[PDB]
Amino acid sequence: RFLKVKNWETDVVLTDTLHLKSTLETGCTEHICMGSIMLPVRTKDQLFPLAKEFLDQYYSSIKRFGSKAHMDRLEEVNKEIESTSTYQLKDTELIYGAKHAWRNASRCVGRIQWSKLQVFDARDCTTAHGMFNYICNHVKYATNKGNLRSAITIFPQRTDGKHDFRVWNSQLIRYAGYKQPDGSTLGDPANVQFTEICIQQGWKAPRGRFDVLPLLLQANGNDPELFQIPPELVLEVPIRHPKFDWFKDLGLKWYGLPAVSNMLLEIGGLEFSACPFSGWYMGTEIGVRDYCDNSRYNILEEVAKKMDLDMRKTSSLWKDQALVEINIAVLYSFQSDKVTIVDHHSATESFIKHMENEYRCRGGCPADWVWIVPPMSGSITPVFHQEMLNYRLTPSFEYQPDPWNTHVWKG
Amino acid sequence: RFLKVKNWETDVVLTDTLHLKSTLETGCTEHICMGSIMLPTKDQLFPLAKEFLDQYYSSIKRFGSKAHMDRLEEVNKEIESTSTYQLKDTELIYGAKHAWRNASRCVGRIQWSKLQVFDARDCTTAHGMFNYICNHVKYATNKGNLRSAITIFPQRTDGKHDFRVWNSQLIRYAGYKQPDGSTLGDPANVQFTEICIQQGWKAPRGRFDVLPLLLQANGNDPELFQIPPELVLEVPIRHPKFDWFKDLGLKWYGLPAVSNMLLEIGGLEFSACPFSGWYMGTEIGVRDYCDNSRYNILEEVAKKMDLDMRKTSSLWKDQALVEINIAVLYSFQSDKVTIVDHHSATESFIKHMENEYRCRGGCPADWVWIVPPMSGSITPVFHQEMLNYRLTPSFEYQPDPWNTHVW
Ligand code: HEM
Ligand code: HEM
Ligand SMILES: CNCCN(C)c1cncc(CCc2cc(C)cc(N)n2)c1
Ligand SMILES: CNCCN(C)c1cncc(CCc2cc(C)cc(N)n2)c1
Ligand SMILES: C[C@H](O)[C@H](O)[C@H]1CNc2nc(N)[nH]c(=O)c2N1
Ligand SMILES: C[C@H](O)[C@H](O)[C@H]1CNc2nc(N)[nH]c(=O)c2N1
Ligand SMILES: [Zn+2]
């Protein structure tokens, strides 16, 4: 079966075959499209075909499909599953596996980078204190004094589901939020619940607008423990604007390192429930989403005020004007301080070249248009006009439940 | 079976039941989502009519009444003999409004019940079609106070006597390839203009030449008519601060009118059903003016504003975009031509959604089309989960007639 996608700006048409290897479910049916929906303990029986699918893919990628080494490896894994209910990945397989989960991550606009990923193997870790040290090391390697390097740290896989490793933070670096008695929020409103958990557990909150949260780390299904990332490892950028000198007096800054810590990495049927990964920011993530979402720092009004835009009617497009100035400021600031950042034009241009390449060498590139198109200036980026196919390839990153909802407290 | 949609800005969660009446297909499956793809008998007709009449009699609180049963009987009788049926005026009007109500790609559906329906089912020739359409254009234009309207020509019969308006919209600008290598006018319309010239049109060869109408009546070869110039309201584009903006010499038409869709009601197919509303500002300012395949004006504007165009990260494209959009809205508003900005329309749509969840049990919506083409996440629609599904009565894409027509 062949599927075509067209670009409506260039009329270029691509043909997808890779979707034939798709496995998990989309949420959609012939009667309903769920394309804008944010969120839609294996038996041995289910595991060996998953392991086999993975190993065939890995051995083909190294041009050793059907070799003695491939066959011996299938037999070795088969015997390990029947006798222990699970198996262990070789380091090479873990590396291939993590890079491909990135390659396959349909909501990721950054994928032109996928083969340049530093994989830190933390499967010998046994305590939360051990997790902290691996994470500190990840953060310092990835930050690299502003010359950011993509990386992932991989903690031990799930066993019976009662011994999970998990990073309770959604991202390694985030600012606290504090709900005041009058209903106003201090800091980042989206992190109030999690800030409360950290406080309950003993965090002494500075209670300012940009307090870096502590890590809360669970090893081997034990209760999580709190650690402060050393301030000196947390690189931050004060936000200023190249023409507007009052911009700095807004008191804004943001952290350099975007790091996701709440997703589950599936490789060959194994589940890596703690697998923090980091890259570098696209400017719109901070300047549009973190700063201007009504539920986040929500600074549009203040900025428009300072610009003396006409704010009596939306049709003056004052929000749009302020939005652009904030985003200019974020890119300017990061560039000035020599911290890696990409703009949304550059990033979406790179993505389209990446996509085209994948279609030629791979037969496809699953992509989620809803997530790929940036949240400002949509149609002046080339991905807006690009038809995309969304499907699920493994290896993959998946959502999992928040651990505070499911953890069994030992006390 | 029952599905939840969440708004991620407000936490409001709604429950959709209306999707269980979804009839036609999405193009998606459990293995693949095609959400971003632009274009995914007597026996067959009676169940479609029944489906429709049931919903109609339900809507006027007479379901299972005698007049309901009697109408069902009459239409069945009529299809059994004639292989088709006629809608009553009341049914036609309900049907047209509901096709708008069900239009998943339309952000302006808060207005759905306020649609003026012009019944042109008595029309027999192309000259008649022209007269009806001029009347629609004049009515809808209303000196700049725009009013929603549809005009409905005769339904498909054996499919060899289709009425069609070959034009995609009632009002569009010509495009012309130049020897110079470039394109004059609207580059999207080069092929259709050629058809018009091939059919006799004396082309002016300017940048904003309104195309003539090519009307096919009763499966006949299409004929050419020029909309009266004094009925095609246009707006010159200027900017409230940049005095140079007017020197780009831009204008656009006030009347957005789709003319290439098919209207399906109770299994009947209306292949010519031009409809019109009013513009949302981004449509012109973002798409018509700034698409690379369209008038593609960003570079010229940027230069006039003296921005640093050396690097993408100065956001010069973004800055020029916003000003072009501010100019569109100010120009329409100063001339007193109805226009809506993307903030206002999207707030309206979210109110409409809530209304439809509360009163109908849902609202089919295509997020990819609903979220505006600039400033997405500063509008409330961006944060709203939506389910897309196909209800009837509906507006559908149909093949372009130059591909289908046998001359
Ligand atoms: C190197 C530079 C990178 C850039 C510029 C980048 C860009 C992005 C952006 C802008 C998003 C959307 C974020 C949001 O709206 O919250 C995203 C999503 C994501 N990317 Fe990346 N990416 C990069 C690296 C990575 C790396 C290293 C990984 C994993 C190894 C990764 C995996 C993902 C995943 C899984 C998502 C989906 C997150 C979710 O569902 O919340 N990306 N990418
Ligand atoms: C009254 C003001 C109206 C507003 C502000 C409005 C707004 C919009 C907008 C912005 C689009 C997107 C167009 C594009 O990107 O090409 C759209 C699409 C559409 N609207 Fe409306 N609408 C209006 C009236 C109507 C009316 C009167 C009807 C039918 C009687 C209608 C049916 C549709 C349909 C079927 C589409 C999809 C067309 C396609 O696939 O190209 N709308 N609406
Ligand atoms: C729920 N999703 C939004 C999460 N969010 C507010 C957030 C906070 N802090 C950091 C990120 C990073 C998301 C991300 C991850 C990666 C690997 C790269 C990239 N450019 N951005 C996201
Ligand atoms: C080719 N895709 C459609 C965009 N396009 C080139 C176009 C040109 N001219 C007019 C329209 C009208 C779209 C429209 C229709 C209606 C009823 C209301 C509205 N606000 N916009 C569209
Ligand atoms: C590929 C993609 O579907 C295409 O560019 C769409 C995206 N969203 C859109 N949204 C609207 N309102 N109008 C459009 O023409 C498009 N084009
Ligand atoms: C409801 C909708 O799916 C939601 O607001 C999405 C839209 N697109 C997105 N795109 C990105 N990149 N990140 C997001 O958080 C979202 N949120
Ligand atoms: Zn879908």
# chains A, B, ... in the order shown; residues from 1 in each chain; ligands from 1
$ interface_residues --of "chain B" --to "chain A" --cutoff "6 Å" --atoms "only C-alpha atoms" --output "VMD selection string"
chain B and resid 9 25 to 26 28 to 37 293 313 341 373 to 377 385 387 to 389
$ write_last_selection --atoms "C-alpha atoms" --output "PDB file, in the first residue's frame"
ATOM      1  CA  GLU B   9      -6.306  26.614  29.172  1.00  0.00           C
ATOM      2  CA  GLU B  25     -15.834   8.485   6.695  1.00  0.00           C
ATOM      3  CA  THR B  26     -12.963  10.623   8.047  1.00  0.00           C
ATOM      4  CA  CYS B  28      -8.422   8.097   9.395  1.00  0.00           C
ATOM      5  CA  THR B  29      -8.038   4.562  10.753  1.00  0.00           C
ATOM      6  CA  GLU B  30      -6.694   3.051  13.967  1.00  0.00           C
ATOM      7  CA  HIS B  31      -3.285   2.822  12.245  1.00  0.00           C
ATOM      8  CA  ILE B  32      -3.072   6.274  10.685  1.00  0.00           C
ATOM      9  CA  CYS B  33      -4.371   9.764  11.239  1.00  0.00           C
ATOM     10  CA  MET B  34      -5.021  11.840   8.101  1.00  0.00           C
ATOM     11  CA  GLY B  35      -6.100  14.899  10.042  1.00  0.00           C
ATOM     12  CA  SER B  36      -3.765  17.227   8.129  1.00  0.00           C
ATOM     13  CA  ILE B  37      -4.742  16.027   4.585  1.00  0.00           C
ATOM     14  CA  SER B 293       2.208  30.750  -3.880  1.00  0.00           C
ATOM     15  CA  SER B 313      15.866  35.124  13.970  1.00  0.00           C
ATOM     16  CA  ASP B 341     -10.437  39.632  13.528  1.00  0.00           C
ATOM     17  CA  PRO B 373      -2.757  30.874  10.429  1.00  0.00           C
ATOM     18  CA  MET B 374      -1.041  33.416  12.680  1.00  0.00           C
ATOM     19  CA  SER B 375      -0.802  33.759  16.463  1.00  0.00           C
ATOM     20  CA  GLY B 376      -2.422  30.285  17.130  1.00  0.00           C
ATOM     21  CA  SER B 377      -1.802  29.851  20.787  1.00  0.00           C
ATOM     22  CA  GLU B 385      -9.540  19.715  21.973  1.00  0.00           C
ATOM     23  CA  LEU B 387     -13.393  15.975  17.557  1.00  0.00           C
ATOM     24  CA  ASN B 388     -13.754  15.899  13.826  1.00  0.00           C
ATOM     25  CA  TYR B 389     -16.516  13.810  12.232  1.00  0.00           C
TER      26      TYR B 389
END
$ select_by_dssp --residues "region 56-276 of chain A" --states "alpha helix (DSSP H)" --output "JSON, numbers by chain"
{"A": [56, 57, 58, 59, 60, 61, 68, 69, 70, 71, 72, 73, 74, 75, 76, 77, 78, 79, 80, 81, 82, 83, 84, 91, 92, 93, 94, 95, 96, 97, 98, 99, 100, 101, 102, 103, 128, 129, 130, 131, 132, 133, 134, 135, 136, 137, 138, 139, 140, 141, 142, 143, 192, 193, 194, 195, 196, 197, 198, 199, 200]}
$ residues_around --residues "residue 269 (chain B)" --least-positions-apart "4" --cutoff "8 Å" --atoms "only C-alpha atoms" --output "mmCIF file with C-alpha atoms, in the first residue's frame"
data_model
loop_
_atom_site.group_PDB
_atom_site.id
_atom_site.type_symbol
_atom_site.label_atom_id
_atom_site.label_comp_id
_atom_site.auth_asym_id
_atom_site.auth_seq_id
_atom_site.Cartn_x
_atom_site.Cartn_y
_atom_site.Cartn_z
ATOM 1 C CA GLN B 155 -30.304 19.189 -7.766
ATOM 2 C CA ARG B 156 -28.404 16.513 -9.696
ATOM 3 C CA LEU B 262 -21.643 20.383 -3.253
ATOM 4 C CA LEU B 263 -24.528 20.606 -0.824
ATOM 5 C CA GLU B 264 -26.001 17.209 0.288
ATOM 6 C CA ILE B 265 -29.468 17.169 1.881
#
$ atom_distance --atom1 "CA of residue 362 (chain A)" --atom2 "CA of residue 18 (chain A)"
6.8 Å
$ residues_near_ligand --ligand "ligand 3" --cutoff "9 Å" --atoms "only C-alpha atoms and all ligand atoms" --output "NGL selection string"
:A and (108-110 or 150-151 or 170-175 or 190 or 255 or 257-260 or 276-283 or 285-286 or 289-290 or 296 or 341-342)
$ residues_around --residues "region 67-76 of chain B" --least-positions-apart "6" --cutoff "8 Å" --atoms "only C-alpha atoms" --output "number ranges by chain"
B: 46, 49-50, 53-54, 57, 85
$ write_last_selection --atoms "N, CA and C atoms" --output "CSV table (one decimal), in the first residue's frame"
chain,number,residue,atom,x,y,z
B,46,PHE,N,-33.6,6.2,-0.3
B,46,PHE,CA,-34.7,6.2,0.7
B,46,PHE,C,-34.1,6.3,2.1
B,49,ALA,N,-33.1,9.9,2.8
B,49,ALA,CA,-34.3,10.8,3.0
B,49,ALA,C,-34.9,10.6,4.3
B,50,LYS,N,-35.1,9.3,4.7
B,50,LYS,CA,-35.6,9.0,6.0
B,50,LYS,C,-34.8,9.6,7.1
B,53,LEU,N,-35.5,13.3,7.1
B,53,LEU,CA,-36.8,13.8,7.5
B,53,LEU,C,-37.1,13.5,8.9
B,54,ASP,N,-36.5,12.4,9.5
B,54,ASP,CA,-36.5,12.1,10.9
B,54,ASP,C,-35.9,13.3,11.7
B,57,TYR,N,-38.3,16.5,11.3
B,57,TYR,CA,-39.5,16.4,12.1
B,57,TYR,C,-39.1,16.4,13.6
B,85,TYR,N,-36.7,12.8,-5.4
B,85,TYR,CA,-37.8,13.6,-4.8
B,85,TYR,C,-37.5,15.1,-4.7
$ residues_around --residues "residue 394 (chain B)" --least-positions-apart "3" --cutoff "8 Å" --atoms "only C-alpha atoms" --output "VMD selection string"
chain B and resid 98 to 100 102 to 103 263 to 265 390 to 391
$ closest_residue --among "B:235, B:123, B:215, B:165" --to "residue 257 (chain B)" --atoms "only C-alpha atoms"
B:165
$ atom_distance --atom1 "CA of residue 348 (chain A)" --atom2 "atom 38 (C, counted along the ligand's line) of ligand 2"
26.3 Å
$ residues_around --residues "residue 406 (chain B)" --least-positions-apart "6" --cutoff "10 Å" --atoms "only C-alpha atoms" --output "number ranges by chain"
B: 160, 219-221
$ select_by_dssp --residues "region 204-287 of chain A" --states "strand (DSSP E or B)" --output "list in words"
residues 212, 215, 216, 217, 218, 225, 226, 227, 236, 237, 238, 253, 254, 255, 259, 260, 264, 265, 266, 267, 270, 271, 272, 277, 278, 281 and 282 of chain A
$ residues_around --residues "residue 266 (chain B)" --least-positions-apart "2" --cutoff "6 Å" --atoms "only C-alpha atoms" --output "PDB file with N, CA, C and O atoms, in the first residue's frame"
ATOM      1  N   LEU B  48     -31.468   7.641   3.163  1.00  0.00           N
ATOM      2  CA  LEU B  48     -30.920   9.006   3.328  1.00  0.00           C
ATOM      3  C   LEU B  48     -32.035  10.040   3.547  1.00  0.00           C
ATOM      4  O   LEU B  48     -31.919  10.916   4.393  1.00  0.00           O
ATOM      5  N   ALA B  49     -33.129   9.902   2.802  1.00  0.00           N
ATOM      6  CA  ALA B  49     -34.257  10.789   2.967  1.00  0.00           C
ATOM      7  C   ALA B  49     -34.886  10.597   4.340  1.00  0.00           C
ATOM      8  O   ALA B  49     -35.149  11.588   5.049  1.00  0.00           O
ATOM      9  N   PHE B  52     -32.831  12.104   7.065  1.00  0.00           N
ATOM     10  CA  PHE B  52     -33.015  13.542   7.048  1.00  0.00           C
ATOM     11  C   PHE B  52     -34.414  13.992   7.573  1.00  0.00           C
ATOM     12  O   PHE B  52     -34.511  14.888   8.425  1.00  0.00           O
ATOM     13  N   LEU B 268     -30.077  14.164  -1.533  1.00  0.00           N
ATOM     14  CA  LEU B 268     -30.080  14.916  -2.776  1.00  0.00           C
ATOM     15  C   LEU B 268     -28.807  15.729  -2.835  1.00  0.00           C
ATOM     16  O   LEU B 268     -28.288  16.151  -1.783  1.00  0.00           O
TER      17      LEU B 268
END
$ closest_atom_pairs --of "chain B" --to "ligand 4" --cutoff "10 Å" --atoms "only C-alpha atoms and all ligand atoms" --output "Markdown table"
| residue | atom | partner | partner_atom_place_in_ligand_line | distance |
| --- | --- | --- | --- | --- |
| B:38 | CA | ligand 4 | 2 (N) | 9.7 |
| B:100 | CA | ligand 4 | 17 (C) | 9.3 |
| B:106 | CA | ligand 4 | 18 (C) | 7.9 |
| B:107 | CA | ligand 4 | 20 (N) | 8.3 |
| B:108 | CA | ligand 4 | 20 (N) | 7.2 |
| B:109 | CA | ligand 4 | 18 (C) | 9.9 |
| B:148 | CA | ligand 4 | 17 (C) | 7.8 |
| B:149 | CA | ligand 4 | 17 (C) | 8.6 |
| B:150 | CA | ligand 4 | 17 (C) | 9.1 |
| B:168 | CA | ligand 4 | 1 (C) | 7.7 |
| B:169 | CA | ligand 4 | 10 (C) | 5.6 |
| B:170 | CA | ligand 4 | 10 (C) | 7.9 |
| B:171 | CA | ligand 4 | 9 (N) | 6.7 |
| B:172 | CA | ligand 4 | 9 (N) | 6.0 |
| B:173 | CA | ligand 4 | 9 (N) | 8.9 |
| B:186 | CA | ligand 4 | 6 (C) | 9.4 |
| B:188 | CA | ligand 4 | 6 (C) | 7.5 |
| B:189 | CA | ligand 4 | 6 (C) | 8.8 |
| B:252 | CA | ligand 4 | 9 (N) | 9.5 |
| B:253 | CA | ligand 4 | 9 (N) | 8.5 |
| B:254 | CA | ligand 4 | 10 (C) | 9.4 |
| B:255 | CA | ligand 4 | 10 (C) | 7.5 |
| B:256 | CA | ligand 4 | 12 (C) | 4.3 |
| B:257 | CA | ligand 4 | 17 (C) | 5.2 |
| B:258 | CA | ligand 4 | 12 (C) | 5.5 |
| B:259 | CA | ligand 4 | 12 (C) | 9.0 |
| B:274 | CA | ligand 4 | 17 (C) | 8.7 |
| B:275 | CA | ligand 4 | 17 (C) | 5.7 |
| B:276 | CA | ligand 4 | 17 (C) | 4.0 |
| B:277 | CA | ligand 4 | 17 (C) | 4.5 |
| B:278 | CA | ligand 4 | 20 (N) | 4.8 |
| B:279 | CA | ligand 4 | 20 (N) | 3.9 |
| B:280 | CA | ligand 4 | 20 (N) | 5.3 |
| B:281 | CA | ligand 4 | 20 (N) | 8.5 |
| B:282 | CA | ligand 4 | 20 (N) | 9.6 |
| B:283 | CA | ligand 4 | 21 (N) | 7.1 |
| B:284 | CA | ligand 4 | 8 (C) | 8.4 |
| B:287 | CA | ligand 4 | 4 (C) | 7.8 |
| B:288 | CA | ligand 4 | 6 (C) | 7.0 |
| B:294 | CA | ligand 4 | 6 (C) | 8.7 |
| B:339 | CA | ligand 4 | 20 (N) | 8.5 |
| B:340 | CA | ligand 4 | 20 (N) | 8.5 |
| B:345 | CA | ligand 4 | 20 (N) | 10.0 |
$ write_last_selection --atoms "C-alpha atoms" --output "PDB file, in the first residue's frame"
ATOM      1  CA  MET B  38      -6.640  18.762   2.678  1.00  0.00           C
ATOM      2  CA  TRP B 100     -23.333  25.147   7.668  1.00  0.00           C
ATOM      3  CA  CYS B 106     -15.746  26.698   9.633  1.00  0.00           C
ATOM      4  CA  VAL B 107     -14.927  28.975  12.587  1.00  0.00           C
ATOM      5  CA  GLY B 108     -17.899  31.265  11.969  1.00  0.00           C
ATOM      6  CA  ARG B 109     -20.700  28.839  12.732  1.00  0.00           C
ATOM      7  CA  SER B 148     -24.808  35.478   5.219  1.00  0.00           C
ATOM      8  CA  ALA B 149     -26.478  33.948   2.120  1.00  0.00           C
ATOM      9  CA  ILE B 150     -26.700  30.808  -0.056  1.00  0.00           C
ATOM     10  CA  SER B 168     -14.148  28.246  -7.015  1.00  0.00           C
ATOM     11  CA  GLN B 169     -15.348  31.515  -5.386  1.00  0.00           C
ATOM     12  CA  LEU B 170     -17.783  34.124  -6.923  1.00  0.00           C
ATOM     13  CA  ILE B 171     -15.171  36.774  -6.689  1.00  0.00           C
ATOM     14  CA  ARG B 172     -11.466  36.058  -7.456  1.00  0.00           C
ATOM     15  CA  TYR B 173      -8.622  37.824  -9.298  1.00  0.00           C
ATOM     16  CA  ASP B 186      -3.097  35.828  -8.315  1.00  0.00           C
ATOM     17  CA  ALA B 188      -3.386  30.317  -7.837  1.00  0.00           C
ATOM     18  CA  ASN B 189      -5.772  31.318 -10.647  1.00  0.00           C
ATOM     19  CA  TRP B 252      -9.049  42.955  -1.922  1.00  0.00           C
ATOM     20  CA  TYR B 253     -12.779  42.167  -2.412  1.00  0.00           C
ATOM     21  CA  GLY B 254     -15.263  42.432   0.456  1.00  0.00           C
ATOM     22  CA  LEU B 255     -17.314  39.314  -0.372  1.00  0.00           C
ATOM     23  CA  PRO B 256     -16.016  35.864   0.515  1.00  0.00           C
ATOM     24  CA  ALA B 257     -18.157  33.406  -1.496  1.00  0.00           C
ATOM     25  CA  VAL B 258     -17.494  29.758  -2.044  1.00  0.00           C
ATOM     26  CA  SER B 259     -18.943  28.422  -5.263  1.00  0.00           C
ATOM     27  CA  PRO B 274     -22.721  29.338  -3.869  1.00  0.00           C
ATOM     28  CA  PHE B 275     -22.526  30.665  -0.320  1.00  0.00           C
ATOM     29  CA  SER B 276     -21.092  33.657   1.334  1.00  0.00           C
ATOM     30  CA  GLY B 277     -20.407  35.259   4.666  1.00  0.00           C
ATOM     31  CA  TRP B 278     -17.869  37.875   5.763  1.00  0.00           C
ATOM     32  CA  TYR B 279     -14.066  37.754   6.058  1.00  0.00           C
ATOM     33  CA  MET B 280     -11.851  36.974   9.007  1.00  0.00           C
ATOM     34  CA  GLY B 281      -8.871  39.287   8.609  1.00  0.00           C
ATOM     35  CA  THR B 282      -6.111  36.596   8.482  1.00  0.00           C
ATOM     36  CA  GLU B 283      -7.675  35.051   5.433  1.00  0.00           C
ATOM     37  CA  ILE B 284      -6.556  38.046   3.331  1.00  0.00           C
ATOM     38  CA  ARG B 287      -2.979  33.664   3.314  1.00  0.00           C
ATOM     39  CA  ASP B 288      -3.883  35.797   0.174  1.00  0.00           C
ATOM     40  CA  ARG B 294      -0.119  33.783  -3.652  1.00  0.00           C
ATOM     41  CA  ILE B 339     -14.787  42.007   8.866  1.00  0.00           C
ATOM     42  CA  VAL B 340     -13.866  39.957  11.938  1.00  0.00           C
ATOM     43  CA  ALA B 345     -13.987  35.019  15.805  1.00  0.00           C
TER      44      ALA B 345
END
$ closest_residue --among "B:382, B:208, B:130, B:316" --to "ligand 6" --atoms "only C-alpha atoms and all ligand atoms"
B:382
$ closest_atom_pairs --of "chain B" --to "ligand 6" --cutoff "10 Å" --atoms "only C-alpha atoms and all ligand atoms" --output "tab-separated table"
residue	atom	partner	partner_atom_place_in_ligand_line	distance
B:5	CA	ligand 6	1 (C)	8.6
B:6	CA	ligand 6	1 (C)	7.4
B:7	CA	ligand 6	1 (C)	6.6
B:8	CA	ligand 6	5 (O)	6.2
B:9	CA	ligand 6	5 (O)	7.9
B:367	CA	ligand 6	3 (O)	8.0
B:368	CA	ligand 6	7 (C)	9.6
B:371	CA	ligand 6	7 (C)	9.4
B:376	CA	ligand 6	7 (C)	8.9
B:377	CA	ligand 6	5 (O)	7.5
B:380	CA	ligand 6	5 (O)	8.8
B:381	CA	ligand 6	5 (O)	7.8
B:382	CA	ligand 6	5 (O)	4.9
B:383	CA	ligand 6	5 (O)	3.4
B:384	CA	ligand 6	1 (C)	4.5
B:385	CA	ligand 6	1 (C)	3.9
B:386	CA	ligand 6	1 (C)	7.1
$ atom_distance --atom1 "atom 13 (C, counted along the ligand's line) of ligand 1" --atom2 "CA of residue 307 (chain B)"
29.0 Å
$ closest_residue --among "B:369, B:407, B:245, B:332" --to "ligand 5" --atoms "only C-alpha atoms and all ligand atoms"
B:369
$ closest_residue --among "A:42, A:98, A:347, A:229" --to "residue 134 (chain A)" --atoms "only C-alpha atoms"
A:229
